[PDB]
Structures are given as C-alpha cells and as structure tokens.
C-alpha cells in the first residue's frame, strides 16, 4: 500500500486503549531477546559539577566520564528550575491538544510529503521498517534566521518564547562544555567554535506514550546521535533511557533538575576516538508516559569532518577517514533506521 508512508500518531493509539501494539511496532525476536532489561550502572553515574568545572578535580571527573561512558549528568548548571519545568510543561500542553490541531504542525506536508521538521515520527524508508513507540516535535532553533515558525506551536502561546529562552541558556552551557573539553584534548577552543559558528541546532521534544507490551517495542530504537553532542532534559524521569557500554546495556536516570550531556558521532570523529559516542535507546512501560527534550548541536558545512590535526602527532595517527560534511550528514540520516552504525564505516 501507500498506508505505510503515513504512520499513526502513537499517543492516540495509547489513548484509544489499543489492546496490543500493532505489528508495525513489534520488534523481531532477535532484537528483543534482551528482555529489553538493562543492568544498573556499575560505577556511580558520571556526574560533573559545572560551577566547579574550572577546578582540576572536576575536569578529571569530566575526562573519566567522556572516555569511559561518553556521557555525564550535569549539576549546578545555572538554568533555573522554573525554566526547565516550564519548557516541559508547555511541551506536555502541546502533546495534549486535540489531534486535529496538532496535525496542522505535521511533518507530513499536506499529509503526504515527508520532511524532518514538524510533529510526527522519523522517516519511514521501507514498508517493513519497524516503527518506534513514540512521537516527536522536531524544530530548528539555530540559526535564528532559518527558523520556520509555521511549525512552532501557537498553543500554548508561551511555547515560542520559552523555547527561545531555553535554547539560549543551553547554548551557554554548550560553550562551557567545549571549553573544558578543549582543555582535556589540548586543542584551542577556537577549533570547535569555528565549526560551531552559525551551525544548525535542533530541539527534539519526545513523547513516549505507555505501551501495553513494553517488551515488544522501543520508545526510540538504539542509536548514537550524529551531532557534536546533545543536552537532554527529562520530566520526572522514572526510567526508560538505557545506554550501551562495550555491548552491555545500563539503565540511566536523568534525575530531576539536571541535564544529561552525551557526545555525538561528529565529536568522536573529530577527537579521533579519544572519546566515544554512546549508543542509547528508550524502553517504554505499561503505566506512564515519558517526555524529554534533546537540544542537538551539529557542526557547520565549512570544514570537512575528520580527526583534528592537532591530535594527530607521531604517536597517535588518524583512526578515522576524513569525510565531507554532506556525505557524513547523509550517512547519519540514512543509517538511523538501520542496524549498522554509520560511524563504523569511517574507521580505519
């Protein structure tokens, strides 16, 4: 048919009281023999203090987090509690609007033609592609000139100004993180800032509805982010996010009022694998929905994507192929709905 080109909004399937997840969402036995259960984090959760980041000991904790896990929880980040709560509250108010009004922001233009920006789910490439048990509102926040406000929700009316304020506050955290990472790597901070100059940045509001069979679906499939890194905010996280380290899966819980920073595939290539981009996924539960916001920061199209020359001395040579931004972006976009990691094809 053509029906597989336009997937359903899963929040409405859950509201309908659908007895079992439709076959379009059910994972194959090979991909869920895991029981979708993960172990607990053996070491205590990597947590970095931003207010003490200039200190030598916090920079050491940051190094151990990026080399061993590729992510960490950020505390004392300065973002006010009221602001973080209001971004998630207004997001919940949008997902709770009547379906007819939400469909005016659909990423299926006129209900047929797919684009990334908008409300819906990710691209369905083939008819037998397994769908995730979630919806997402995907919006470009940078550069501010390229914002397409027709896809920003108008109700609640505070959505546009509160997201614009949260975006500017996390871009400030973003700059504080690359500075500390540049110290760890021994490079000039201007190496990353030149590639982040007027680079695309996106806000992904995720809604994971409750699922009648949590052991049969993924809230979001296993994936590594393709950005430089991501700033993740979760509303009263009871569980769901699972991060993979050397093949094993571990439950990680973004505690309230803290932010989770995880590296993307772009950073792993630029840093020649000194740090690793963590693969992660979200499992559902039969009881309660889950809402998260991910701020994704990629690099601009100026310079190609390859190991930084300042890191390629005689001792540690290039571990990845240098590649153009275009084909790098095309590889991340195409392999997201597939099993094979795109970044593994760039390794030498």
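Positions refer to the first chain, counted from 1.
- As recorded in the PDB entry, 27-35 is the stretch of 301-309 and 27-35 with the greater mean C-alpha temperature factor.
- The deposited model assigns a higher average Cα B-factor to 96-104 than to the other stretch when 217-225 and 96-104 are compared.
- Among 117, 236, 265, 246, the highest C-alpha B-factor recorded in the PDB entry belongs to 236.
- When the Cα B-factors of 47, 282, 279, 294 are read from the PDB record, 47 comes out highest.
- Sort the modelled residues of the chain by CA B factor and residue 148 lands in the highest third.
- In the PDB entry, residue 192 places in the highest third of its chain by CA B-factor.
- Residue 15 sits in the middle third of its chain by CA B factor, as recorded in the PDB entry.
- Ranked by Cα temperature factor within the chain, residue 158 sits in the middle third according to the deposited record.
- In the deposited entry, the Cα temperature factor of residue 321 places it in the highest third of its chain's modelled residues.
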